[PDB]
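Under the authors' numbering, the residues of the sequence shown are numbered 7 to 500, 509 to 933, in order. Beneath this line is the structure, given in structure tokens, with notes to follow.
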Amino acid sequence: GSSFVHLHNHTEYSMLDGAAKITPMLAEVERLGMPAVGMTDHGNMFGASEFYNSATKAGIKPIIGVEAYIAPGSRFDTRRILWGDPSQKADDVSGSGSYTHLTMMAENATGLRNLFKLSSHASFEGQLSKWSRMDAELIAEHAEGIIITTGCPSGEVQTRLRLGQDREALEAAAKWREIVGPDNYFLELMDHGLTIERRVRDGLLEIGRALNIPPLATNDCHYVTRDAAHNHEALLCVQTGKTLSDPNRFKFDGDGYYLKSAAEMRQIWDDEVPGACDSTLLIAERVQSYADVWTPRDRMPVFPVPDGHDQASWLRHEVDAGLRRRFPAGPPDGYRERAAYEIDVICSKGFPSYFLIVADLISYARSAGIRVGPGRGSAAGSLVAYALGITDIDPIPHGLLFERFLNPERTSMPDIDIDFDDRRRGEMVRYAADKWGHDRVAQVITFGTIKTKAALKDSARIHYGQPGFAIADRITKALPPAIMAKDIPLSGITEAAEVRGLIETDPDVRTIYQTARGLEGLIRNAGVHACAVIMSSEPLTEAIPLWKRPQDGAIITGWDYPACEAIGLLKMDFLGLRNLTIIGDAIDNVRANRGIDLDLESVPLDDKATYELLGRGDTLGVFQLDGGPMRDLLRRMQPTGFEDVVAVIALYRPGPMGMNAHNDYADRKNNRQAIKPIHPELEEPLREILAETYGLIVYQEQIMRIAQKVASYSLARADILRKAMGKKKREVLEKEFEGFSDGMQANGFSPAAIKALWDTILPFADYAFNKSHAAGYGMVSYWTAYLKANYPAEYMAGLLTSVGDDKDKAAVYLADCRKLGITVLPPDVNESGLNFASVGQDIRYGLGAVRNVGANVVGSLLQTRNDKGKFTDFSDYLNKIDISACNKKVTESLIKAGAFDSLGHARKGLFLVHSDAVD
Ligand SMILES: [Zn+2]
Ligand SMILES: [Zn+2]
Ligand SMILES: [Zn+2]
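Dropping the structure here:
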């Protein structure tokens, strides 16, 4: 009654502009005892999911909206438009004639949905430079359920006022009021005692009176608290690229832009403009539950099947076909029944479409010559996955467990992902969009959060400018090295640090460190995730806000992938792997240099050569086996079969190493150590389950097999035990020990045997390794070793190609080449191609491997070298090439790289000759 709600408010998702993080904002909102809060971010609704959930979870009522950017003309119009005289630039259309602000809020779930797509359309259609803009025409099409206002000072109505254009201001206000309706338009009033706001206040209340618009007090909060104001000021500097000293920069006036208490707020408005604060409460109480928007709906695409099938029929049909291909002279024994079991679970859980989709993507990759992976994750324990080509690991010969993948007794979404040649993700993503709908497939946003290291570089540019680099560079070196891609949380220095001393010493560094903490974990920008993609049965604008990446036109989700899946959108990882690129290249090299045409999918898994190579530990550049201590272990282990490859991958991790499991495995395998039983009563019942791993427990699947044998568990229920012994919640451990123990009692085991097993498994289950993932990786390792062992030059060539023009990474493999007796010939205009090549027994340097040279240009060189070349001499090269300053920048680097020495002319010469040629 004498309370208040902030409706105009900027979150950290007003990137580089709002400094109010949602969690502290809610905290504050509550101790000020306020019933509700709004979210009004500049130009986007990326925080909506977070805000809604956080607000709801704290019983504050969320008001969700957006401070739209509105074009001065049509949103499609990319001309800049100004309404006053140049002498009034500072009062005129923001963004130099690009936009005005508009505060918009959702009264109910219809309005929310409408705001989502109004946002989306702003980006799809109304983009000028960095601003996504709506216009009046577009907003009118989607006005239902929305409340708008007359706006902040950067709004249209005030801009008009400030400009002297009273007629236009009043006319603007009537246009907007007409569009949303008399009951959803408010006269927005804001006071930070600035003279910009006072100038307009009278004109403004005139308009309110004239057109009959209620007043609304708001604060345009850009930070939570009053002390936070200084951090806000530094943030704006990161956004502007300007100095704190530099007075001319964009900044706010004093510190009024926090979440003021009902009291302070009523103190400003009650006497001055009766009703303003009360309207906030009228609005808050008017606002509905948004919950229909976050209610999960099954939005998984429906694979289109031939006529007279359904998803389940078609899956059977396809799985059958699959087995036929895979086992062309009849599938072996027990396969069909396994398949039928899986198909049955799958249909039962409602996932046949998903399988069909991933199959179809894999199908396309092959039709297009895109190398896919043998597959990763849980899916490798599914005979269906294997049948359909989703994986290439037959789960049966490797003893992988379907119920680890899809547990019939738990309801939950499996992860079925493609993974392929890193250089071809583009095509894969485009294909998906074509197949499933351009308005139904989107890549997923990531949020660029300000990290510790760039926080400091930022803090320095803020205090010092361009010359700030020195101090900046100075601070950053003092830093402990990473772990291994994660620099030390700043607050943390509140520790192996010398630098800490650096601050206690230098007063300037204390102030840079201070400013950087104010900056940490705010959001710098929006990225596109490396691999996640979201798909839907319905247009995605119906579910979530989205945006268009300006550079390529890519459509990206507004929320991250957990928020998306949280409401029943399908997410898949379209993963690009470079080892797959390297594999494809080595294979190509073998076609070219040896005329063999290798098909990895049919390489034996027992190749003597390979295991020999493994035994030496000459694994530089073989997938997952290159580490130093890895090489040691491989040597100590003398691997001999595929299962050993699968084990090292699992064993070369901190958990098993902590237990010495890897060395133990090695030693036991080579008769240097006896195989200890978990307990004597346990020896014979568990012997075969643990045999392959020389009596040690290495995989999740073994925990399951163990619980089934000894405790009479379902594989499904053993899966559930395994998950739980992983999480370690007392209440659940005890129910489960109850069960485990009872089962073992029933099977006749002493309390000692039960206690041994339990005690062994319990810590081991924190870290136990998913055997399906180890087989998938293992396959790639082995394949990779097989190529190095049997095709050294072809493979090393592929490897070096992947290292780009980086001399440092290259020097690592060149050293390897040398240690294997492979000769490395230099870059050459007549003999080098774009990438490194296998030439007989040699590697020939890649042309693109030199500085300043890329496929783009090398392409035309090889082009012309085919039509007319080889080049006879430097001037012949010039006569065969073309006139261009850019062409000259290239030519220079090729000379340096000695690409021309083949011709037999000193290079100092050629530089001089090149300059004339250009003139
Ligand atoms: Zn702002
Ligand atoms: Zn504004
Ligand atoms: Zn604002």
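C-beta: ideal position from N, C-alpha, C; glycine also.
Could you work out which residue in the options is closest to residue i when comparing CA atoms only?
i           : options                   : result
residue 501 : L614, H676 and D611       : In the model as presented, the chain runs from 500 straight to 509, which leaves residue 501 without coordinates.
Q449        : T458, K457, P777 and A439 : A439
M758        : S726, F57 and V299        : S726
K833        : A335, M810, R736 and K823 : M810
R322        : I352, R736 and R332       : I352
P806        : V817, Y827 and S786       : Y827
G383        : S929, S100, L412 and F914 : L412
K622        : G790, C545 and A803       : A803
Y264        : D479, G635, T17 and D445  : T17
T246        : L22, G90, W137 and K690   : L22
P670        : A779, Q877 and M306       : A779
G71         : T201, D887 and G53        : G53
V523        : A478, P221 and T815       : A478
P310        : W320, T500, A115 and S102 : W320
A829        : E845, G753 and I857       : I857
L144        : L924, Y360 and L121       : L121
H787        : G79, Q528 and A664        : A664
Residue i bridges to which residues according to DSSP?
i    : result
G541 : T452
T106 : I76
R139 : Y75
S100 : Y105
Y191 : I154
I601 : Its beta-bridge partners do not exist; DSSP assigns none.
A112 : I152
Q714 : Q714 is not bridged to any residue.
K67  : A42
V636 : Paired residue(s): none; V636 is not in a bridge.
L13  : For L13, which the question treats as bridged, DSSP gives no partner whatsoever.
The beta strand (DSSP E) spanning residue i covers which residue range?
i         : result
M419      : Taken as a continuous stretch (DSSP letters only), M419 belongs to no beta strand (DSSP E), as it is neither H nor E.
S852      : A851 to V853
residue 2 : This structure cannot speak to residue 2, because the chain is shown only from 7 to 933.
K585      : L584 to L591
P221      : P221 to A223
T529      : Taken as a continuous stretch (DSSP letters only), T529 belongs to no beta strand (DSSP E), being part of the alpha helix (DSSP H) at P521 to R531.
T886      : Premise fails: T886 is in no beta strand (DSSP E) and is neither H nor E.
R255      : No beta strand (DSSP E) holds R255; DSSP gives it neither H nor E.
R858      : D856 to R858
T571      : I569 to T571
Locate the alpha helix (DSSP H) running through residue i, then write down its first and last residues.
i    : result
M45  : Premise fails: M45 lies in the beta strand (DSSP E), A42 to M45, not in any alpha helix (DSSP H).
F656 : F656 to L665
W320 : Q317 to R332
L560 : Segment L560 to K562 is the beta strand (DSSP E) holding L560; no alpha helix (DSSP H) there.
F408 : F408 to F411
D366 : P358 to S373
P576 : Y575 to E579
Contact check, residue i vs residue j under 8 Å by CB: the rounded distance?
i           : j    : result
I468        : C243 : 5 Å
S55         : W573 : 5 Å
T165        : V230 : That pair is no contact at about 28 Å.
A25         : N237 : 6 Å
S125        : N50  : 6 Å
residue 501 : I396 : Between 500 and 509 the numbering of the chain has a gap, and residue 501 falls inside it, with no coordinates.
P840        : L861 : That belief does not hold up - the Cβ atoms of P840 and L861 are roughly 11 Å apart, past 8 Å.
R538        : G454 : 4 Å
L250        : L533 : With a Cβ gap of about 12 Å, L250 and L533 do not count as contacting.
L169        : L193 : Between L193 and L169 the Cβ distance is about 19 Å, and since that is not below 8 Å, they are no contact.
Could you tell me whether the stretch 579 to 592 touches the stretch 422 to 429, where touching means 3 or more Cβ pairs closer than 8 Å? yes
With contact counted as at least three CB pairs below 8 Å, one residue from each stretch, are the stretch 92 to 112 and the stretch 150 to 165 in contact? yes
For the 8 Å Cβ check, are there 3 or more pairs between the stretch 457 to 472 and the stretch 573 to 584? no
Check whether the stretch 12 to 20 touches the stretch 36 to 44, counting contact only when three or more Cβ pairs, one atom from each stretch, lie closer than 8 Å. yes
Pairs of beta-carbons, one from the stretch 58 to 74 and one from the stretch 213 to 220, closer than 8 Å: are there three or more? no
Could you tell me whether the stretch 713 to 720 touches the stretch 731 to 744, where touching means 3 or more Cβ pairs closer than 8 Å? yes
For the 8 Å Cβ check, are there 3 or more pairs between the stretch 489 to 497 and the stretch 269 to 277? no
Can we say the stretch 610 to 630 touches the stretch 639 to 654, given the rule of at least three CB pairs closer than 8 Å? yes
Taking contact to mean 3 or more Cβ pairs, one atom from each stretch, closer than 8 Å, check whether the stretch 675 to 693 and the stretch 368 to 380 are in contact. no
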